[PDB]
């Protein structure tokens, strides 16, 4: 077992812990934990609507969403002092850039 | 050696609970009241349209 | 050392979050968009 | 030339106008709406659901459980200190 | 329409209604959501005017 | 839980998956050529 893959499992547990416990029984009103995700979705939406500006602009809008959130969450866990570096494995992040 | 960064973390989160939490509280309350007021007002408006 | 380890589990969780956020977490808020818009437009 | 007759042509008029479409929208919108906050399901438990109902509703909505989650990492990684260094 | 007015009188859960109850009262909601995903018009036009984007930028 | 939607990830996101497999094959070449350092 590796602590790094365990950290990725902790990341996916936080991903469960951002929307399921957020959404009180599918309510219209948009509670406080959902307001932040609303702001994130809007600041990525209005960003890439003007960035690539295509007629087919939204077709990579989930991708430009999900490539952000990994770096958004993995730099919220290494912020703990008693932690190991998550995204400071430069082989991994540079290989991600190579893939993209 | 590593608990001193933990002490900076605890003091910083205390400053967060002092400063950032009421601001995001007020932002969420303002947007909550705004969306609820608009969503109630549109319903009351077309209830009055039904009455018309 | 753990180049295969980090790279392979990173590939798995990248494609996992791709399909996961795509099928789940963007349209679960787009439902809120279309719902609030359809109530406000009546 | 005779007594012309538009007082009673309402029966087949009532489709095309704009309040007709709004009316057939909102008579459908009103019946399935729950009356007075009914069926809200205020009690639920799935071994993690009382945590949500006590902490993660719009009433409390405070980030202090993340604090506890941060404390959980202080429970985790520091103990991983005890497992590593 | 008098019954419609009485229905609007005592059946307004404007703080506790479910969007799944909106999909249940209107499957047109689900159809427009799924088509809006599948075509890729991820813009929600005519939303930002009365329902602001409340984002950072 | 969450309403699963068939959102296009196979008929849209093919070449990044192809690039991920090719980078796995390049890591096969690298970890069979430069992992003995």
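Counting neighbours? That spans all protein chains shown, and the Cβs are built from the backbone with ideal geometry, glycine included. Here, each number is a calculation from the coordinates, and none is a lab measurement.
So which of E:15, E:49 ends up being surrounded by fewer than 18 Cβ atoms within 10 Å (Cβ to Cβ), at the interface with chain A (Cβ under 7 Å from one of its Cβ atoms) and either touching a strand residue (DSSP E or B) at 6+ places or on another chain (Cβ under 7 Å) or closer than 28 Å to residue B:28 by Cα (or both)? Spell out how you get there, then give the answer.
Numbers: E:49 fails: at the interface with chain A (Cβ under 7 Å from one of its Cβ atoms).
Of the residues listed, the single one that is surrounded by fewer than 18 Cβ atoms within 10 Å (Cβ to Cβ), at the interface with chain A (Cβ under 7 Å from one of its Cβ atoms) and either touching a strand residue (DSSP E or B) at 6+ places or on another chain (Cβ under 7 Å) or closer than 28 Å to residue B:28 by Cα (or both) is E:15.
For the range A:1-15, name all the residues that are touching a residue at least 12 places away in the same chain (Cβ under 8 Å) and more than 9 Å from chain C (Cβ to nearest Cβ). Explain how you work it out, then say what you get.
Narrowing the range A:1-15 to residues touching a residue at least 12 places away in the same chain (Cβ under 8 Å): A:3-4, A:7, A:10-11, A:14-15.
A:3, A:7, A:10, A:14 - these are the residues of the range A:1-15 that are touching a residue at least 12 places away in the same chain (Cβ under 8 Å) and more than 9 Å from chain C (Cβ to nearest Cβ).
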### Query
From the list A:18, A:34, which one is within 24 Å of residue F:1 (Cα to Cα), more than 7 Å from every other protein chain (Cβ to nearest Cβ), surrounded by 14 or more Cβ atoms within 10 Å (Cβ to Cβ) and touching a strand residue (DSSP E or B) at 6+ places or on another chain (Cβ under 9 Å)?
A:34
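Within the range B:8-15, does at least one residue satisfy the condition of being under 18 Å from the mean Cα position of the chain (by Cα) and surrounded by 11 or more Cβ atoms within 10 Å (Cβ to Cβ)? Reasoning before the result, please.
The initial filter retains those residues of the range B:8-15 that are under 18 Å from the mean Cα position of the chain (by Cα), namely none.
The answer is no, given that none of the residues of the range B:8-15 is under 18 Å from the mean Cα position of the chain (by Cα) and surrounded by 11 or more Cβ atoms within 10 Å (Cβ to Cβ).
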### Task
Mind listing just one residue for me: the one in the range E:18-46 that is closer than 30 Å to residue F:10 by Cβ and at the interface with chain A (Cβ under 8 Å from one of its Cβ atoms) and, of those, farthest from the chain's Cα centre (by Cα)?
E:40
### Query
Any residue at all in the range A:35-55 that is within 23 Å of residue B:26 (Cβ to Cβ) and touching a helix residue (DSSP H, G or I) at 6+ places or on another chain (Cβ under 6 Å)?
yes
### Query
Scanning for something more than 8 Å from chain A (Cβ to nearest Cβ), surrounded by fewer than 21 Cβ atoms within 10 Å (Cβ to Cβ) and closer than 14 Å to residue E:51 by Cα, does the range C:17-30 turn up at least one residue?
yes
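Does residue B:23 count as more than 12 Å from chain A (Cβ to nearest Cβ), part of a helix (DSSP H, G or I), without any contact (Cβ under 8 Å) to a residue 60 or more places away in the chain and farther than 26 Å from residue D:63 by Cα?
Details: more than 12 Å from chain A (Cβ to nearest Cβ): yes; part of a helix (DSSP H, G or I): yes; without any contact (Cβ under 8 Å) to a residue 60 or more places away in the chain: yes; farther than 26 Å from residue D:63 by Cα: no.
So residue B:23 does not fit the description; no.
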### Query
Looking at (1) part of a loop (DSSP other than H, G, I, E, B); (2) surrounded by 11 or more Cβ atoms within 10 Å (Cβ to Cβ), which is the one condition that is false for residue D:16?
(2)
### Task
For the range A:47-55, state whether one or more residues are more than 8 Å from every other protein chain (Cβ to nearest Cβ), free of Cβ contacts under 8 Å to residues at least 24 places away in the same chain and within 23 Å of residue C:9 (Cα to Cα).
no
### Given (1) under 23 Å from residue A:74 (Cα atoms); (2) assigned to a helix (DSSP H, G or I); (3) touching a helix residue (DSSP H, G or I) at 6+ places or on another chain (Cβ under 9 Å); (4) at the interface with chain A (Cβ under 10 Å from one of its Cβ atoms), index of the condition residue D:81 fails
(3)
### Check on residue E:6, under 25 Å from residue A:53 (Cβ atoms) and either surrounded by fewer than 16 Cβ atoms within 10 Å (Cβ to Cβ) or more than 14 Å from chain A (Cβ to nearest Cβ) (or both)
no
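Return a yes/no flag: does the range D:13-33 have any residue that is free of Cβ contacts under 8 Å to residues at least 12 places away in the same chain and more than 27 Å from residue B:42 (Cβ to Cβ).
Taking the range D:13-33 and keeping what is free of Cβ contacts under 8 Å to residues at least 12 places away in the same chain, we get D:13-33.
From what's left, more than 27 Å from residue B:42 (Cβ to Cβ): D:13.
Yes: the range D:13-33 contains one or more residues that are free of Cβ contacts under 8 Å to residues at least 12 places away in the same chain and more than 27 Å from residue B:42 (Cβ to Cβ).
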### Task
Among residues belonging to the range A:65-79 that are within 20 Å of residue A:5 (Cβ to Cβ) and touching a helix residue (DSSP H, G or I) at 6+ places or on another chain (Cβ under 6 Å), point out the one that is surrounded by the most Cβ atoms within 10 Å (Cβ to Cβ).
A:66
